[PDB]
Amino acid sequence: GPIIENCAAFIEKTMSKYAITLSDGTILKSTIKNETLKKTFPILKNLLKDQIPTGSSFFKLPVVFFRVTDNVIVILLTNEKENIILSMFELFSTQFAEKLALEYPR
Amino acid sequence: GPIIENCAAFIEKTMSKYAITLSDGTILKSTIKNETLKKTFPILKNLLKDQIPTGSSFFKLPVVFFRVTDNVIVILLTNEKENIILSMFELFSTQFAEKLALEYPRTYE
Amino acid sequence: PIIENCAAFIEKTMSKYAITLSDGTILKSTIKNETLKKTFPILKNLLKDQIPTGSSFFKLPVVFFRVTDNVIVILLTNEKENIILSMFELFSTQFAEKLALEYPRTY
Ligand SMILES: [Cl-]
């Protein structure tokens with residue numbers, strides 16, 4: 001049926017703490033608490049102007065950003081090893097970045 | 001669309017003084033006089049800063065707060081018993097939480 | 001964050017403004033502090049008469065706008081009154097309920 005509830009179960013299969021957000025600040029789904037997201041989003045909007053091209057990730061552990069689509073960003077709080085996180089993102093995209101760009105176009 | 005209308009009619013079935021607001025303070029629906037409602041906001045602000053969990057309530061009678069989703073707050077003025085109020089909120093959540101969460105997402109503009 | 005958007009909204013029409021609390025707390029301001037400190041005792045006394053929430057008070061070039069119980073907008077401007085009242089009505093629609101929650105008068 002509806003994605004987002006599908007994206008979150010995917011992510012939770014390997015990370016407890018995440019958020020699926022849009023570029024303006026809209027949280028579509030999040031297990032990260034509001035206090036952390038409020039201080040986190042201004043940093044993400046900055047990097048979004050030219051440091052995270054669509055399809056790329058950005059690391060500052062425990063925070064990680066993945067621009068799945070042009071408008072949709074995944075935010076992780078994790079200490080997983082790098083290759084696991086990149087692997088999660090690669091799979092998440094190839095199973096979701098089509099449906100997600102279709103449901104949340106810019 | 002009609003989600004807030006359905007939320008309102010569900011609450012009005014039991015309490016007459018209520019409001020539904022966003023967690024940034026936007027009033028979506030309120031039968032409480034806007035002046036009286038805005039004076040409960042110091043309490044709400046403290047609840048949100050202490051990150052009261054989704055599904056949890058807070059009682060300062062006659063005022064009652066219920067965090068149905070991350071971004072949607074139910075407010076009551078009521079003298080009804082706590083066990084009835086807590087049942088009302090759990091049924092309210094069951095029927096409307098998922099929809100409210102999609103219709104009213106938290107936003108950090 | 002919310003105050004940073006308030007500042008940006010105001011800045012689209014006037015450049016000399018301040019957003020303060022009832023007790024005088026500066027939240028954001030492009031007005032020289034020299035001016036604000038000689039301007040606050042006037043605000044305090046207007047607040048006493050309980051200049052109502054939503055109303056403004058003109059003393060050109062100075063304008064006060066009580067957006068919420070606890071938040072005052074101050075402008076130094078030589079714009080016309082209708083333009084100032086229109087900016088205020090717009091400002092209040094976009095920000096008053098948010099501001100009321102972010103900066104509640106306590107007790
Ligand atoms: Cl929270």
# chains A, B, ... in the order shown; residues from 1 in each chain; ligands from 1

$ residues_near_ligand --ligand "ligand 1" --cutoff "12 Å" --atoms "only C-alpha atoms and all ligand atoms" --output "ChimeraX atom specification"
/A:30-38 /B:23,45-56,67,69-72,106

$ interface_residues --of "chain B" --to "chain A" --cutoff "7 Å" --atoms "only C-alpha atoms" --output "list in words"
residues 105, 106, 107, 108 and 109 of chain B

$ interface_residues --of "chain C" --to "chain A" --cutoff "12 Å" --atoms "only C-alpha atoms" --output "list in words"
residues 1, 2 and 4 of chain C

$ closest_atom_pairs --of "chain C" --to "chain B" --cutoff "9 Å" --atoms "only C-alpha atoms" --output "JSON lines"
{"residue": "C:1", "atom": "CA", "partner": "B:109", "partner_atom": "CA", "distance": 8.2}
{"residue": "C:2", "atom": "CA", "partner": "B:109", "partner_atom": "CA", "distance": 8.3}
{"residue": "C:5", "atom": "CA", "partner": "B:109", "partner_atom": "CA", "distance": 8.4}
{"residue": "C:96", "atom": "CA", "partner": "B:26", "partner_atom": "CA", "distance": 8.8}
{"residue": "C:97", "atom": "CA", "partner": "B:25", "partner_atom": "CA", "distance": 5.4}
{"residue": "C:98", "atom": "CA", "partner": "B:25", "partner_atom": "CA", "distance": 4.9}
{"residue": "C:99", "atom": "CA", "partner": "B:25", "partner_atom": "CA", "distance": 8.0}
{"residue": "C:100", "atom": "CA", "partner": "B:38", "partner_atom": "CA", "distance": 6.9}
{"residue": "C:101", "atom": "CA", "partner": "B:25", "partner_atom": "CA", "distance": 5.4}
{"residue": "C:102", "atom": "CA", "partner": "B:45", "partner_atom": "CA", "distance": 7.1}
{"residue": "C:103", "atom": "CA", "partner": "B:42", "partner_atom": "CA", "distance": 8.2}
{"residue": "C:104", "atom": "CA", "partner": "B:42", "partner_atom": "CA", "distance": 5.4}
{"residue": "C:105", "atom": "CA", "partner": "B:42", "partner_atom": "CA", "distance": 7.1}
{"residue": "C:106", "atom": "CA", "partner": "B:42", "partner_atom": "CA", "distance": 6.0}
{"residue": "C:107", "atom": "CA", "partner": "B:42", "partner_atom": "CA", "distance": 7.7}

$ atom_distance --atom1 "atom CA of residue A:81" --atom2 "atom CA of residue A:59"
11.5 Å

$ closest_residue --among "C:17, C:24, C:86, C:11" --to "residue C:63" --atoms "only C-alpha atoms"
C:17

$ select_by_dssp --residues "chain C" --states "alpha helix (DSSP H)" --output "ChimeraX atom specification"
/C:2-11,33-48,81-102
